[PDB]
Structures are given as structure tokens and as C-alpha cells.
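Structure record follows, encoded as C-alpha cells.
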Amino acid sequence: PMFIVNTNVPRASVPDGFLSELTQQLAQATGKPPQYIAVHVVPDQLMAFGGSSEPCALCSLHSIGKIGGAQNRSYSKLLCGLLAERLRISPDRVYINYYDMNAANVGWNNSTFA
Amino acid sequence: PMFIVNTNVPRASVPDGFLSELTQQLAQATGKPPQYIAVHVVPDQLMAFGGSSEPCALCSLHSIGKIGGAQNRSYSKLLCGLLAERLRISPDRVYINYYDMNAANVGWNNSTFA
Amino acid sequence: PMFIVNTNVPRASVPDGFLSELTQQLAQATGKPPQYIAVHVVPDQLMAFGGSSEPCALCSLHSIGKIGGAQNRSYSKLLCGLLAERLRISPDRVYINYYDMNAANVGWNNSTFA
Ligand SMILES: *C(=S)Nc1ccccc1
Ligand SMILES: *C(=S)Nc1ccccc1
Ligand SMILES: *C(=S)Nc1ccccc1
């Protein structure tokens with residue numbers, strides 16, 4: 001799986017260890033090996049949520065399976081919790097788009113996962 | 001909707017009020033409350049369109065429904081119009097990817113919209 | 001088609017000519033005139049792959065059709081090859097998400113491709 005967070009929170013407000021914590025927590029939540037988890041944090045963005053420039057985030061999670069109603073609710077609780085506790089972003093100012101990728105549509109190591 | 005614009009136009013050429021204008025115009029265009037709308041503008045990018053580094057944009061619009069042939073043509077006229085007027089980007093150097101998201105695949109406020 | 005690369009490799013390590021090379025190589029690979037090809041490279045990113053911040057890349061390729069098992073394997077060999085040669089990123093630290101877009105869901109020039 002891969003997780004991207006885009007936020008208007010400044011770079012200096014992203015704590016040491018944040019990418020490592022995301023990696024560990026995503027491994028735990030998806031049950032997948034941390035070796036293949038990718039994470040990407042993009043601070044200092046020009047963004048608004050509900051017309052307001054208070055702290056917010058727009059995120060994506062891509063996974064080959066492990067995407068669905070109950071799973072995505074669990075991921076949202078986990079990820080909004082992390083964004084609130086580490087970046088001080090209110091959960092009601094976060095969107096996360098979930099993508100269930102077909103293995104044939106994910107490239108890696110000169111080939112695909114199919 | 002959530003609207004993201006990535007462009008090689010520099011930050012100083014993005015006019016004051018642009019995020020709010022995008023929010024207002026998308027609210028009016030989708031018939032939705034502005035409290036739902038998220039906007040994200042990413043200037044100063046290293047990009048090319050047709051091999052040329054003249055002003056261009058790569059964009060995404062995500063919505064839970066309200067995505068379809070006629071609706072997407074209307075969004076494109078609106079959004080290319082704003083990019084032309086405000087960022088001086090030719091409409092034939094803009095791509096907008098439209099995504100019809102399922103409510104179960106959009107996280108918000110510790111849960112999803114399902 | 002549109003190709004986006006997000007990487008932790010620094011801006012100075014992206015060769016002059018890289019966007020033009022990507023455009024030409026993708027034109028040849030997708031069978032499309034280069035006038036339609038968009039490319040976007042995002043260096044200096046805060047990212048990790050497998051918990052490590054060694055060079056890595058997270059990419060996307062969007063196309064109206066011409067996406068599938070064998071085609072995507074060929075794109076992955078091409079694109080991982082270029083990232084390895086030009087940016088010195090190991091192919092096993094690259095993900096490429098492939099998206100088969102419907103023509104009605106791609107805006108361009110005040111309308112869509114439908
Ligand atoms: C998870 S091991 N990685 C992943 C899943 C889906 C798309 C890209 C990467
Ligand atoms: C477009 S109104 N944005 C949107 C719709 C539904 C849920 C969240 C955001
Ligand atoms: C290639 S003609 N351009 C393209 C394909 C898919 C989505 C956006 C742009």
C-alpha cells in the first residue's frame with residue numbers, strides 16, 4: 001500500500017519520526033509487510049477546506065485489495081487520529097480517497113504485481 | 001467536490017483570492033454547500049505539455065456522484081475558463097481527470113461517507 | 001496520456017532534458033503524438049518506501065485505454081529504466097499506478113475527450 005498526505009501545515013510542524021510512524025501504523029492496519037509500504041507527506045500547501053485555510057489535509061490510500069466499507073472506516077479512524085495527534089489537524093478537515101488497485105495496474109521493479 | 005490544480009505558473013502569478021473563487025464557483029457549479037468543497041493549488045511545478053514548458057496545468061476533480069458526460073463538459077468549461085482568466089493558461093494546455101468516488105471510498109472525520 | 005513522478009531525489013539531480021526525454025519515450029511507447037503527452041516531475045519530496053528514505057519514486061500513468069496486463073508491464077520496464085538511468089532510483093523502490101480513463105472523464109480545451 002501507499003499513503004499520501006497533502007497539507008497546509010508547515011514543514012517545521014511535521015515531527016521527527018512521522019513517516020516512520022505512518023509506515024508502522026499502516027502495516028498494522030493493513031496487516032501488510034512494512035517493506036512494501038510507501039508514504040509521502042507534502043506540507044506547506046496552498047489549500048482550503050470548506051472555504052477556510054485553517055489546517056486541513058487531502059490524502060490518498062492505494063492498496064491492492066484490503067479496501068471496503070468497514071476497512072476504510074478503520075483506516076480513517078487510524079489516519080485522522082494520527083493527523084490530529086501529530087499535525088494538529090481536526091478530523092473534520094481531512095478527506096481521504098481510497099483506491100482498490102488491480103494488481104495488473106500497479107508497476108514495480110520493471111514489471112507489475114499481476 | 002475536491003479540486004486539485006498542478007501548474008508550472010509561478011506562485012506570484014496566482015492571484016489573491018484564487019482558492020476562495022474556486023470554492024465559490026465549484027459550489028455554484030455542483031449545487032453543493034461550500035462547506036464540503038476542498039481546493040488545492042500547486043504552483044512552480046516542473047511540467048511539460050506536448051514537450052513544451054509554456055504555462056500548463058494537470059488537474060483532478062473528485063466527487064461522490066455528479067460526474068458524467070454533460071456535467072464534466074460543464075466543469076471543464078468553468079475550470080478552464082478560470083485557469084485562462086486567472087493564471088493565463090491556454091485551455092488546450094489543461095487536462096482535468098474526473099473521478100466518481102463511491103461514498104465508502106471517501107474518508108472524513110474518523111469514518112467514511114457510506 | 002499523462003505521467004507524474006514524485007521523488008525524494010533532489011532537484012539538482014534531475015537532468016536537463018529529462019521531461020523532453022520522458023515525452024519522446026512515452027510518445028513512442030503509447031503510439032500517441034507527443035503533442036498530447038503531459039509529464040510532471042516532483043523532486044525533493046518527503047517520502048519513504050519500506051521505511052527507508054533511500055531514493056524512491058511514486059508515479060502515475062493515465063491513458064484513455066491502452067492500459068492492461070502486458071501493456072503495463074512494458075510501460076514499467078520503460079519507465080523504471082529511465083528512473084534508474086537518469087535519477088539513480090532502484091526499480092524495486094518505484095511504484096507506478098496505471099489508470100485507464102474513460103474519455104468522458106478527461107477534460108481538455110473547455111470540454112472533454114468524449
Ligand atoms: C502496498 S505493499 N503498495 C501498493 C499498493 C497499491 C498500489 C501501489 C502500492
Ligand atoms: C464535492 S460537494 N465534495 C464533496 C462531496 C461529497 C462529500 C465530500 C466532498
Ligand atoms: C493522453 S492523450 N492524455 C491523457 C490521458 C488520460 C488522462 C489525461 C490525459
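Residue numbering restarts at 1 for every chain, and letters A, B, ... go by the order of the sequence lines. Any value given below was found using the heavy atoms of this structure, including those in side chains, with hydrogens, waters and symmetry copies removed.
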OG1 on A:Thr23 to CD on A:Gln35, rounded to 0.5 Å | 11.0 Å

For residues A:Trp108 and C:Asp92, report the shortest heavy-atom separation together with the two atoms involved.
-> NE1-O, 2.9 Å

Residues in side-chain contact (heavy atoms from CB on, under 4.5 Å) with C:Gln28, at least two apart?
-> C:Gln24, C:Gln25

Using a 4.5 Å cut-off on heavy atoms from C-beta on, say whether the side chain of B:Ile37 contacts that of B:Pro1.
-> yes

Heavy atoms only: give me the nearest C:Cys80-A:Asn110 pair and the separation to one decimal.
-> CB-OD1, 3.1 Å

Within the distance-only criterion (no hydrogens, no angle test), does the side chain of A:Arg88 pair as donor or acceptor with the backbone N or O of A:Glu85 below 3.5 angstrom?
-> no

For a quick test of your reading: what N or O donor-acceptor pairs under 3.5 Å do the side chains of residues 7-22 of chain B make, sequence neighbours left out?
unit_1  : atom_1 : unit_2  : atom_2 : d
B:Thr7  : OG1    : B:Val9  : N      : 3.1
B:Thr7  : OG1    : B:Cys56 : O      : 2.8
B:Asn8  : OD1    : B:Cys56 : N      : 2.9
B:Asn8  : ND2    : B:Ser53 : O      : 3.0
B:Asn8  : ND2    : B:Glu54 : O      : 3.0
B:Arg11 : NH1    : B:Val14 : O      : 3.3
B:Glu21 : OE1    : B:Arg86 : NE     : 2.8
B:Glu21 : OE2    : B:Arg86 : NH2    : 2.9

Less than 4.5 Å apart, any side-chain heavy atom of B:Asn97 and any of C:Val106?
-> yes

C:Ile4 CD1 to C:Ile96 CD1 distance, which is reported to the nearest 0.5 Å = 12.5 Å

Indicate yes or no: at least one non-hydrogen side-chain atom of C:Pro43 is less than 4.5 angstrom from one of B:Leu46.
-> yes

NZ of A:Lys77 to OG1 of B:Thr112, rounded to nearest 0.5 Å, is 13.5 Å

With sequence neighbours excluded, what pairs up with C:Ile67 under the side-chain contact (heavy atoms from CB on, under 4.5 Å) test?
-> A:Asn105, C:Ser63, C:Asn72, C:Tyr75, C:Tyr98, C:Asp100

Are more than 12 heavy atoms from other residues, nucleotides or ligands located less than 6.0 Å from atom NZ of B:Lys32?
-> yes

Using atom types as modelled and distance alone, determine if a side-chain donor or acceptor of B:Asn102 lies under 3.5 Å from a backbone N or O of B:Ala104.
-> no

Same apolar cluster: C:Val94 and C:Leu82, side chain cutoff 4.5 Å | yes

Between CG on residue A:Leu61 and CG on residue A:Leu79, distance to nearest 0.5 Å = 6.5 Å

Hydrophobic cluster identity match, C:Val41 and B:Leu58, side-chain contacts under 4.5 Å = no

Donor-acceptor contact below 3.5 Å, side chain C:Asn6 vs main chain C:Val42 = no

C:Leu87-C:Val39 co-clustered via ILVMFWY side chain contacts under 4.5 Å = yes

Side chains of A:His40 and A:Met2: closer than 4.5 Å at any heavy-atom pair?
-> no

Look up atom CE in C:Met47 and atom OG in C:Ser52, then write down how far apart they are to the nearest 0.5 Å.
-> 10.5 Å

Is there a chain of hydrophobic side chains (I, L, V, M, F, W, Y, each step under 4.5 Å between heavy atoms) that links A:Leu26 to A:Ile89?
-> yes

Hey, what do you get for OH (C:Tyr36) to CZ (B:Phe49), rounding to the nearest 0.5 Å?
-> 9.0 Å

Near C:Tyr99 OH, under 6.0 Å, is it more than 12 heavy atoms from other residues, nucleotides or ligands?
-> yes

Smallest separation among heavy atoms of C:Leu83 and C:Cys59, with atom names | CD1-SG, 4.0 Å

